[PDB]
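One chain is shown next in structure tokens, namely the form deposited in one PDB entry.
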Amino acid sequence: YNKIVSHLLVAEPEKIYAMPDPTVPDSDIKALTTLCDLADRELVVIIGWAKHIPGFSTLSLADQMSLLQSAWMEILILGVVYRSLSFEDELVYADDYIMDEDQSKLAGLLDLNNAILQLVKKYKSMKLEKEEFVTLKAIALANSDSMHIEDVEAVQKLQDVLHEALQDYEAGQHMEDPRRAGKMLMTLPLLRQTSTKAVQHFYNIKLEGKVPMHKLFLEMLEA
């Protein structure tokens, strides 16, 4: 099938571990610290991953950072969603950090994690493929609606290149459903909505000052 899709597949990062501190008592603070620390390390990996997207590295450093600052949480959430597809009512933040309803309640994340589980439910019903997941991650980055873009035409070209990849993949692999590409694009509003819910919640956590956060995570959060 489509070369861009194949390329994104081989550029897919290895999974990383959450490593919750086994000496620390379980608490909302522990859970939130673990998740923010995981997100910080995933962000480093995402920045490295983005250089493999055709045309992305040719953008100005400012536009690269604008896209990332707008899209980072959508990319993080798409990851948890994809890792969670073979599970039921649990979120696989990492192989060693799987959150069920009880844990979500303990962390103060019941509403957010239920929203993420709504995304999981929809992609389950659509039988989301890894090929589609990696392409949607790239599309979310290109389509992230930053207000600070310098070269708008180049960003549009990036959107178009990735959209074409999705269109082509679906036309070849899913002839039984001539509207599958569009159905995939129609999942992006819920991703955007859920990401905004997450950013707002963790921004509040940042303000309260009880959960330690690393530099990159804080930078993205404050952007």
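Here, rigid core means the biggest group of C-alpha atoms that superpose within 1.5 Å across both forms. So that there is no doubt, residue numbering starts at 1 and follows the sequence shown.
The form deposited in another entry is left out here; the points below concern that form.
A.B. asks: Taking the rigid core as reference, does the Cα of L207 move 2 Å or more between the shown form and the other one?
C.D. replies: Shift of 2 Å or more: no.
A.B. asks: Thinking of the 3 angstroms or more shift, are the C-alphas of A94 and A11 brought closer or pushed farther apart in that other deposited form than in this view?
C.D. replies: Note: Cα gap between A94 and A11 shrinks in that other deposited form.
A.B. asks: With a change of at least 3 Å, which way does the C-alpha separation between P13 and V155 go in that other deposited form: closer or farther?
C.D. replies: Note: Cα gap between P13 and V155 widens in that other deposited form.
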